[PDB]
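Chains as they are written, first to last, in the deposited numbering: chain I, 22 to 230; chain E, 22 to 230; chain J, 22 to 230; chain Y, 22 to 230; chain V, 22 to 230; chain A, 22 to 230. Quick reminder that beta carbons are idealized off the backbone N, C-alpha and C, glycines included. Before any comments, here is the structure.
Number of protein chains: 6
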Amino acid sequence: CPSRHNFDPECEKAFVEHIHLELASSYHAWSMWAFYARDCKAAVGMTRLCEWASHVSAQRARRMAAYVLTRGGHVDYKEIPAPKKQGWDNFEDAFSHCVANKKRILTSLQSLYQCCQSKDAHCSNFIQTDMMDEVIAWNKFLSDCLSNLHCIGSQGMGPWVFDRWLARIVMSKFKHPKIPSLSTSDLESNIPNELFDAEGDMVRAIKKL
Amino acid sequence: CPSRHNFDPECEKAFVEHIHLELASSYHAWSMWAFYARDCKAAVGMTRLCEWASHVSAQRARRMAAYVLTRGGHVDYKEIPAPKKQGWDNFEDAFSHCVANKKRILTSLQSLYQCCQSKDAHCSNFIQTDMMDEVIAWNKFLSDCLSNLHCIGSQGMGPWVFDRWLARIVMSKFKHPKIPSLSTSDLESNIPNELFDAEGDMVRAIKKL
Amino acid sequence: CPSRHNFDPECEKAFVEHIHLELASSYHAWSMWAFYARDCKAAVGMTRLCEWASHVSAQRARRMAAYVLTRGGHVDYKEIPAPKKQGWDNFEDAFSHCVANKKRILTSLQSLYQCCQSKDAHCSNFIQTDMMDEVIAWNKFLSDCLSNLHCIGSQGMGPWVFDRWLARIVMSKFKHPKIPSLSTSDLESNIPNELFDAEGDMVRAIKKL
Amino acid sequence: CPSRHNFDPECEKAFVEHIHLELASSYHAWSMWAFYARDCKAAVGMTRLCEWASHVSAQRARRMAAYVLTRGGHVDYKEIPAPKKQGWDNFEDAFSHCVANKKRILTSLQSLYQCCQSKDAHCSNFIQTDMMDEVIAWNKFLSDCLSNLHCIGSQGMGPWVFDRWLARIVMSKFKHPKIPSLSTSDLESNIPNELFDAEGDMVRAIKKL
Amino acid sequence: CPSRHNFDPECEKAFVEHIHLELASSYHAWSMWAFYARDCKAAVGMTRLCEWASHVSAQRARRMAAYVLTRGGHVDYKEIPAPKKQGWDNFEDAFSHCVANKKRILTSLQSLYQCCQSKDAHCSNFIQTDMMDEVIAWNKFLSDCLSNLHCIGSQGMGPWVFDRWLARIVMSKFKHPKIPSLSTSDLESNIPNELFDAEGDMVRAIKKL
Amino acid sequence: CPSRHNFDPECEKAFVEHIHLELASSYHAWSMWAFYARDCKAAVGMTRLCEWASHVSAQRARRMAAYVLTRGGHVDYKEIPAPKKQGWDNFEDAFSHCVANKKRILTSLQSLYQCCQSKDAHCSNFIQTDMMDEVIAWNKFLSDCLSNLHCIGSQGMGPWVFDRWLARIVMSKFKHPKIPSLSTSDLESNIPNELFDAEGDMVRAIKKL
C-alpha cells in the first residue's frame with residue numbers, strides 16, 4: 022500500500038495495541054465458556070453469559086480495526102497469549118475477574134483519548150462514544166450480579182436458582198444464529214459448485230413473481 | 022472436575038490439537054480481510070469472502086470443542102501464533118494459500134479418523150460426517166475460482182470484474198448480523214440495569230395479548 | 022385574583038396543609054428509590070415499588086390542588102423538608118416506615134372530613150371517596166407484604182426470591198412512559214423551532230388521508 | 022454501602038448540587054401552573070406549558086441521579102426551597118423568568134463540564150450530549166414566544182388569541198397519562214389484595230390463546 | 022468537447038445570462054429566509070415562503086441549463102453577486118421587492134423569446150411554456166398577498182395572524198425532504214464503504230421475496 | 022434585531038466564513054455536473070454523483086446557518102466566486118480535485134473546533150458530530166473509487182464499465198424529487214389563486230371521511 026498518511030502514527034500504534042487487548046479478552050472468555058460446560062459443572066447461565074461476552078469482544082475488536090482502516094492506516098496482527106488461570110472456585114471469583122478486566126479496558130481507553138485529544142476531534146469523539154459506553158454498562162451489570170451473589174451465599178441451592186435466573190434473563194437478549202456453509206448434499210444439482218449459478222437463480226425468481 | 026473418564030486420552034489430545042489448528046486458521050483469515058480493505062486496495066469481493074471464511078472456521082472450532090465436552094473430556098487452551106505473511110501480490114497467491122491450508126486440514130482430519138477408528142465408532146462417524154464435508158466443498162469452490170482467475174489474467178480490468186462478480190455471489194449466501202449489547206441510552210428507564218427486569222417485561226406482554 | 026370567595030377559608034388552609042404533606046411523602050419515596058438502586062444493593066423490586074409510590078403521591082397532591090382551584094380558592098406553596106433517615110437495615114424497616122406514613126395520612130384526612138362535614142356536603146364526599154380509598158388499599162397491600170417478609174426471614178436467599186417476585190407483580194401494573202421534549206436533531210428541518218409549524222402539519226395530514 | 026469508589030468525589034458533589042437545582046426548577050413550575058389555573062385567570066395554554074415544563078425538569082433530575090448511581094456513587098437529598106414570587110402581571114414577565122432560569126442552568130452545566138473534562142471523558146460527553154441539548158432548544162423556543170408576545174402587545178384580545186394558539190401547539194406534543202393505583206372496587210374479587218394473584222392471571226391468559 | 026454546433030451562439034449566450042439571473046434570485050431568497058428566522062423576528066410563514074421560493078428558483082436554473090445541454094451547447098458559469106439589502110421594515114417591503122424581481126425576470130424572458138422567434142420554433146415554444154407560466158402565477162399570488170397586507174395594516178396583531186395563515190397555506194403544498202448522505206454509524210457492517218455492496222444487497226432482496 | 026448576544030462574536034465570524042466555504046463547494050459541483058452531461062461526454066454515473074454532491078453541500082450550509090441562528094446570532098451573506106477550472110482530462114483528475122476539497126474542509130472544521138473548545142461545550146460537540154462524520158465517510162468513498170480507477174486504467178472500455186457501475190450504485194441511494202410550484206392550468210377552478218382556498222379544501226376532506 023503506497024498510502025498510509027493523514028493518520029498520526031503514534032495514534033495508529035496505540036489503536037493496534039488496544040485491538041490486540043480486545044482480541045485477548047475475547048479469547049479468554051472462551052476458556053470460561055468451556056470450563057462451565059463440563060458434565061461435572063453444567064451451569065447453563067454462566068455458559069450463555071460467557072458466549073455472549075466473547076462475541077461482544079470480537080465485535081469490538083472488528084469495529085476498532087474498521088475505524089483504523091477508514092482513516093487510511095494499516096493494521097498489523099501479532100501473537101495472542103493464552104489465558105493464565107482456567108479454573109474458578111465459585112461464581113464470585115469469575116465475576117471479580119471480569120470486573121477487573123473491564124477496569125483495565127477502561128484505563129486503556131482513557132489513555133487513548135488523552136493521546137488523541139489535542140489534534141483529532143473526530144478520533145476523540147469516536148473513542149468516547151463508540152467504545153466507552155458498552156464498558157460502563159457492562160461494568161454496572163456485573164457489579165450488580167456480584168452484589169446479589171455475595172448476598173445470596175455460596176452453599177446449598179442458592180447458586181443453582183441464581184444460575185437458572187441468569188440463563189433466563191440472558192437468553193431474552195442474545196441468541197447466536199448459525200453460520201451458513203457449503204456441503205456435498207444434492208451433488209447432482211450443483212455440478213461445478215453451489216455458488217456459481219447464484220445469478221441465474223435470481224433471474225428464475227423474477228420470472229416466478 | 023472429578024470426571025474426565027470414558028473418552029480415550031490420546032484421542033482427546035489429538036482433538037485439542039486440531040481445535041488449535043482451526044483457531045489459527047480463523048485468526049489468519051482476519052489478516053487477509055484487513056489487507057484487502059485498505060483504501061489503496063478496496064476489493065469488496067475478497068473482503069466478503071475472507072470475513073465469511075473466518076466465521077466458518079470459528080464455528081468449526083466451537084463444534085469440535087462441544088463434541089469433546091459432550092463425551093466427558095476437558096479442553097485446555099494455549100497460545101495462538103501470528104500469521105507469517107500479511108501481503109499478497111495478486112488474487113492467485115491468496116487463493117493458492119487457502120487451497121494449501123485446506124489440504125493441511127484434511128490431512129490432520131484423516132489422521133484423527135485413523136487414530137479413533139478401531140475403538141470408537143461414533144467418534145469416527147462424527148469425524149467423517151461433521152468435519153470433512155465442509156472442507157471438500159470449500160476446496161472444490163476455491164479450485165474453481167483459481168482456475169477462472171488463471172484463465173482471465175492479471176492485467177487490465179479483468180480482476181475488477183471478477184471481484185465484483187465474487188462479491189455478488191458471496192453476498193447471496195452470507196450476511197453477518199449485528200451482536201446486541203448494553204448501553205446507557207434511556208438511563209432513566211433502566212435504573213438498576215436493563216436486564217434485571219426482563220421477567221417483568223414478559224408478564225406485561227402477556228397482558229397485552 | 023379578585024375572586025377567592027365561596028370556599029371556607031379554614032377548609033382552604035387545611036387543604037393546603039394536606040397538599041404539602043402529600044408532596045413531602047412523594048419526595049421521601051425518592052430517597053428510598055435512590056438507596057435501593059446502588060450497585061451494592063441492586064434490589065429491583067424495591068426500586069420499582071418506590072418509583073410507583075412516588076408517582077402516586079405526586080398525582081394525589083395534584084388532584085387535591087385541582088379540587089381547591091375548582092371551588093374558587095388559591096394555593097400557596099412553601100418549603101419542602103428533607104427526609105430524616107436515608108438508610109434501612111432490611112426490607113421490614115422500610116415497609117414499617119411506609120405503613121406508619123399511611124396511618125398519618127389517614128388521620129389527617131379524617132380530621133379534614135370532620136372539619137368540612139357540617140357545611141359542605143360535596144367537599145366531604147370528595148374527601149371520603151377520592152382520597153381515602155387509595156390509602157386503605159395501599160395499607161392492606163403493605164401489611165400483607167410485611168407479614169410475608171416476617172414469616173420468610175431475613176437471612177439466606179429468601180429476601181432475594183421475595184424481591185424477584187415483588188418486581189414481577191409490580192411490573193404487571195405500572196410502567197412509567199417517557200416524557201417527550203425538544204432537541205436539536207434535524208436542525209435544517211425545524212428552522213425557527215419544532216413546535217411553531219404544528220398547525221401546518223395537521224393540514225398536510227388531512228391531505229394524505 | 023461499602024462501595025463508593027471510582028467516581029471522583031468532587032464531581033459527585035457537583036452533580037448532587039445540580040440535581041437539587043433541577044428539582045427546585047421543577048417545583049417552581051408548579052406554582053406558575055397553579056397561578057394560571059385560577060377561575061379569574063383561566064389561561065389554558067400557559068397551564069399546559071407549565072405542566073409540561075415541570076414534568077420535563079423532574080425527568081432531567083431523575084436522569085442525572087441515575088447517571089450518578091451507574092458510576093458507583095451515592096445521592097444524598099436535602100431541603101427544597103419555596104419559590105419567591107407567585108404572581109405575574111402579564112405573560113412577558115413569566116417568559117422572561119423562564120429564560121433567566123434556563124441561562125442559570127446552562128451556566129451550571131458548563132461549570133460541571135469544565136470540572137470533569139480533564140480526567141473523565143465519558144462524564145464530559147454525557148454532560149454535553151444528554152443535558153445541554155434540551156436547554157438550548159427550550160431557550161430558543163421561549164425566546165421566539167417572547168418576541169412574538171412583545172410584538173403583539175398587552176391589551177385587548179391579542180393575548181387571548183395567543184393563548185389559544187399556544188394551547189393548540191403544546192397539546193400536539195405532550196399528554197400526561199394517568200398513573201394507575203389501587204382501590205376497593207370489586208372487593209369480593211380481590212380478597213387478599215389485587216396484586217398477589219398477578220402470576221395466576223398470566224397462566225389464565227396463556228390458556229385462552 | 023468537439024461538438025457545440027446547431028444551436029445559435031447568440032441564443033446560447035442569452036440563455037447563459039438568464040441562467041445566472043435565476044441563480045442570483047435563488048441566492049437572494051436565502052438572505053430573506055435567514056433574516057426572518059432570527060430569534061427576535063420569528064415569523065414562520067415568511068420563513069416557509071422564502072425557503073420554497075429559493076428551491077423553485079434553483080429548479081428553474083437547472084431546467085434552463087438542461088435545455089441548453091439538450092440542444093448541444095455548453096454552459097459556462099461565472100460569479101454570483103451578493104444581495105444588496107438584507108433587512109426589511111415590514112412584510113410589505115419584502116413583497117414589493119419580490120414583485121419587482123418577478124417583473125424583471127419576465128422582461129428578460131420576453132427579450133429571449135423575441136431573439137429566438139424567427140428561426141427556432143421549438144426554442145420559442147419552450148420559452149413561452151416552460152418558463153413564463155410559473156412567473157405569471159407567482160406574480161398573481163404575490164400581488165394578492167400584498168393587497169391583503171395593505172388592507173390589514175401594519176400595527177397590532179394583524180401581521181401576526183396573517184403570518185400564521187400564510188404558514189398554514191404554504192405548508193399544505195411544499196415540504197422539503199431530507200437529502201440522504203453517508204456516515205460512520207455501524208462501522209463494522211460496511212467495511213470498505215456502504216455503497217460498494219449495493220448490488221449484492223439487491224440479490225439478497227430477490228431471495229427474500 | 023436588538024438581540025445578538027450570548028454567542029461569542031469570533032465564533033460567529035468563523036462560522037459565517039465556513040458557511041461561505043460550503044456554498045462555494047456546492048456551486049463548484051454544478052460545473053462538473055454540467056461538464057459531464059454534454060452530448061460529447063454522456064457519462065451518467067459522474068452526472069448522478071455530482072448532482073448528489075451539490076445537494077449534500079447545500080444541505081450542510083443550511084444546517085450550519087440554522088445552528089448559528091439557534092444560538093441567537095446573525096448571518097451575513099457575501100459574494101460567491103466562480104470555479105477556476107471547468108474541464109477535466111479523465112475521471113482521475115475529478116476525483117483528485119474532490120479529495121483535495123474534502124481535505125480543505127476538514128482542516129477548516131478542525132480550526133473551528135479548536136477555536137470554540139475552551140468555552141462552549143455544545144458548540145464543539147456540534148462541530149465534531151454533525152459536520153465531520155459526513156466528510157470522513159465521503160473521503161473514504163472517494164479514495165476507494167480513485168484506487169479502483171487507477172487500477173483499471175484509462176484506455177479502452179474500462180471507464181465505460183466503471184461509469185455504468187457507478188450510476189447503478191449511486192441511484193440506489195439518492196433520487197431528487199421534483200419541487201412543486203404554481204401554474205395557470207385549470208384557470209377557471211382557482212380564480213383568485215390556487216393557495217387561498219387551501220383551508221376550505223381541508224374542511225371538504227373531513228366531510229368525505
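What are the boundary residues of the alpha helix (DSSP H) that includes Y:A86?
For the purposes of this step, residue 86 of chain Y is taken as the residue at position 65 of the fourth sequence. Where Y:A86 is concerned, the enclosing alpha helix (DSSP H) stretches over 65-91.
What residue range does the alpha helix (DSSP H) around E:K123 cover?
As a working note, residue 123 of chain E is residue 102 in the second sequence. Run containing E:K123: 112-137, per the alpha helix (DSSP H) assignment.
Indicate whether at least one CB of chain I lies closer than 7 Å to the CB of E:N214.
What you label residue 214 of chain E is simply residue 193 of the second sequence in a count that begins at 1. Chain I contact via Cβ: present.
Name the residue from J:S139, J:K106, J:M85 whose alpha carbon lies nearest to the alpha carbon of J:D97.
Along the third sequence, read from residue 1 onward, the residue named residue 97 of chain J stands at position 76. Ranking the options by Cα distance to J:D97, first place goes to J:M85.
Same chain, Cβ closer than 6 Å to Y:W51, five either side skipped, listed in chain order:
Here residue 51 of chain Y corresponds to residue number 30 of the fourth sequence, with the count starting at 1. Answer for Y:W51: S75, listed in chain order.
From Y:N111 to J:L90, what does the alpha carbon distance come to, in whole angstroms?
As a first step, residue 111 of chain Y is located in the fourth sequence; it is residue number 90 there, counting from the start. As a first step, residue 90 of chain J is located in the third sequence; it is residue number 69 there, counting from the start. J:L90 has its alpha-carbon roughly 20 Å from the corresponding atom of Y:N111.
What does the alpha-carbon distance come out to for the pair I:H197 and I:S168?
By one-based count along the first sequence, residue 197 of chain I stands at place 176. By one-based count along the first sequence, residue 168 of chain I stands at place 147. One C-alpha to the other measures close to 28 Å.
Cβ separation of Y:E220 and J:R189, assumed to be a contact under 8 Å, to the nearest whole Å
Counting from 1 along the fourth sequence, the entry for residue 220 of chain Y is found at position 199. Counting from 1 along the third sequence, the entry for residue 189 of chain J is found at position 168. Indeed, because the Cβ distance is near 7 Å, the residues count as touching under 8 Å.
Residues sharing a beta bridge with J:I101, DSSP:
Looking up residue 101 of chain J in the third sequence gives position 80. For J:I101, which the question treats as bridged, DSSP gives the partners Y:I101.
I'd like to check one pair, I:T150 with E:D154: are the Cβ atoms closer than 7 Å?
Taking the second sequence and counting its residues from 1, one reaches residue 154 of chain E at position 133. Taking the first sequence and counting its residues from 1, one reaches residue 150 of chain I at position 129. No. Outside cutoff.
Three or more C-beta pairs below 8 Å linking the stretch 161-179 of chain E and the stretch 201-216 of chain I:
Contact between the stretch 161-179 of chain E and the stretch 201-216 of chain I is present, with at least three C-beta pairs closer than 8 Å.
So for A:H49, helix, strand or coil by DSSP?
As a position in the sixth sequence, residue 49 of chain A is number 28, starting the count at 1. Helix, per DSSP.
If you measure from the beta carbon of E:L208 to each beta carbon in chain I, is any gap under 7 Å?
One-based indexing of the second sequence puts residue 208 of chain E at position 187. Not closer than 7 Å to any Cβ of chain I, the Cβ of E:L208 fails to qualify, so no.
Please name the residue in V:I40, V:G66, V:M53, V:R59 whose C-alpha comes closest to that of V:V182.
Locating residue 182 of chain V in the fifth sequence gives position 161, counting from the first residue. Ranking the options by Cα distance to V:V182, first place goes to V:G66.
Alpha-carbon spacing of E:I148 relative to E:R25, whole angstroms:
If you number the second sequence from 1, residue 148 of chain E lands on position 127. If you number the second sequence from 1, residue 25 of chain E lands on position 4. Cα to Cα, E:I148 sits roughly 21 Å from E:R25.
Starting from V:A63, find everything on chain J with Cβ-Cβ shorter than 7 Å and list it in chain order.
As a position in the fifth sequence, residue 63 of chain V is number 42, starting the count at 1. Neighbours of V:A63 on chain J, chain order: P213.
Kindly list the residues whose CB is nearer than 7 Å to the CB of V:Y134, restricted to its own chain and excluding five residues on each side of it in sequence; keep chain order.
As a first step, residue 134 of chain V is located in the fifth sequence; it is residue number 113 there, counting from the start. Around V:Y134: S145, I148, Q149.
Would the beta-carbon of V:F195 fall within 7 Å of that of A:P201?
Here residue 195 of chain V refers to the residue found at position 174 when the fifth sequence is read from its first residue. Here residue 201 of chain A refers to the residue found at position 180 when the sixth sequence is read from its first residue. Their beta carbons are under 7 Å apart, which means V:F195 touches A:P201 by this criterion.
In chain D, which residues lie with their C-beta within 8 Å of the C-beta of J:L230?
The displayed structure is made up of protein chains I, E, J, Y, V and A, and chain D is not among them.
Which word fits I:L208, buried or exposed, when buried means at least 16 other C-beta atoms lie within 10 angstroms of its C-beta?
Reading the first sequence from its first residue, position 187 is the one you call residue 208 of chain I. I:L208 should be labelled exposed.
On the three-state DSSP scale, how would you describe J:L167?
The residue given as residue 167 of chain J occupies position 146 in the third sequence. J:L167 falls in the helix class under three-state DSSP.
Hey, quick one: how far does the alpha helix (DSSP H) through J:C144 stretch, first residue to last?
The sequence position of residue 144 of chain J within the third sequence is 123, counting from 1. Its alpha helix (DSSP H) spans residues 142-151.
Judging by CA-CA distance, which residue of Y:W186, Y:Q107, Y:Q176, Y:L187 is the nearest neighbour of J:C22?
What you label residue 22 of chain J is simply residue 1 of the third sequence in a count that begins at 1. Measuring from the Cα of J:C22, the nearest candidate turns out to be Y:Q107.
So A:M53 and A:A115 are supposed to be a Cβ contact under 8 Å. How far apart are they, rounded?
Residue 53 of chain A sits at position 32 when you count from the first residue of the sixth sequence. Residue 115 of chain A sits at position 94 when you count from the first residue of the sixth sequence. Indeed, because the Cβ distance is near 6 Å, the residues count as touching under 8 Å.
Apply the 10 Å Cβ neighbour rule to J:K62 and answer buried if 16 or more other Cβ atoms are within range, or exposed otherwise.
Residue mapping note: residue 62 of chain J aligns to position 41 of the third sequence, counting from 1. J:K62 is buried by the Cβ-count criterion.
Report buried or exposed for residue 16 of chain E, applying the criterion of at least 16 other Cβ atoms within 10 angstroms of its Cβ.
The requested residue 16 of chain E is not part of the displayed model; chain E covers only 22 to 230.
Is there a Cβ of chain A sitting closer than 7 Å to that of Y:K161, yes or no?
Here residue 161 of chain Y refers to the residue found at position 140 when the fourth sequence is read from its first residue. Y:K161 counts as touching chain A.
Along the stretch 106-138 of chain A, what residues have a CB closer than 7 Å to any CB found in chain I?
Residues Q131, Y134.
Report yes or no: do three or more beta-carbon pairs, one from the stretch 37-46 of chain A and one from the stretch 36-49 of chain E, lie closer than 8 Å?
Under the Cβ criterion (8 Å, minimum of three pairs), the stretch 37-46 of chain A does not count as touching the stretch 36-49 of chain E.
Cβ neighbours of A:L130 in the same chain (closer than 8 Å, five flanking residues each side left out)
Along the sixth sequence, read from residue 1 onward, the residue named residue 130 of chain A stands at position 109. For A:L130, where only same-chain residues beyond five positions count, the Cβ hits under 8 Å are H39, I148, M152, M153, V156.
For I:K196, which three-state DSSP category applies?
Residue mapping note: residue 196 of chain I aligns to position 175 of the first sequence, counting from 1. Coil at I:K196, not helix or strand.
Am I right that E:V191 and E:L70 are in contact with their C-beta atoms under 8 Å? What's the rounded C-beta distance?
As a working mapping, residue 191 of chain E is identified with position 170 in the second sequence. As a working mapping, residue 70 of chain E is identified with position 49 in the second sequence. Their Cβ separation, rounded to whole angstroms, is 5 Å, which keeps E:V191 and E:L70 in contact under 8 Å.
Near A:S47, which residues of its chain fall below 6 Å by C-beta distance, leaving aside the five closest residues on each side in sequence?
Along the sixth sequence, read from residue 1 onward, the residue named residue 47 of chain A stands at position 26. Same-chain partners within the cutoff: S75, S78, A79.
Give me, in chain order, the residues of the same chain whose beta-carbon lies closer than 7 Å to that of E:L203; leave out the 5 immediate sequence neighbours on both sides.
Residue mapping note: residue 203 of chain E aligns to position 182 of the second sequence, counting from 1. Counting only Cβ-Cβ distances below 7 Å, and skipping sequence neighbours, we find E215.
What did DSSP end up calling V:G177 once you bin it into helix, strand or coil?
Mapped onto the fifth sequence, residue 177 of chain V falls at position 156. Here V:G177 sits in coil by DSSP.
Within this structure, are the beta carbons of V:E113 and V:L187 separated by less than 7 Å?
Here residue 113 of chain V corresponds to residue number 92 of the fifth sequence, with the count starting at 1. Here residue 187 of chain V corresponds to residue number 166 of the fifth sequence, with the count starting at 1. For V:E113 and V:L187, no; Cβs fall outside 7 Å.
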